[PDB]
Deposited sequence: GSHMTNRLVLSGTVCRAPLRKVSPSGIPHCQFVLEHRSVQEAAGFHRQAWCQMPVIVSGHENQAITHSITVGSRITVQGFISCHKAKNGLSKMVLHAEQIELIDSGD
């Protein structure tokens, strides 16, 4: 049922843009997250490079503010395909 990743980071690859044959715009970039997280009472570095996909006409405009160096937070669902790779499908983007 529940599937929600909220993740902040710095964009490490600029949006690569395409439109589907049926007219659906898709925007793809990579978000690099790095932070200090808490577990069992000791601090530890969390690092990951998350591919993000922005699909549909709704969220495309803000995507043109996103460049390598942009700090953003992305809220959405994760999806894996296969040798498996994970993508964050953006539902909300906040420009920090």
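Enquirer: What are the C-alpha gaps when you align the coordinates back onto the deposited sequence?
Expert: According to the record, the gaps fall at 1 to 3, 86 to 89, 104 to 107.
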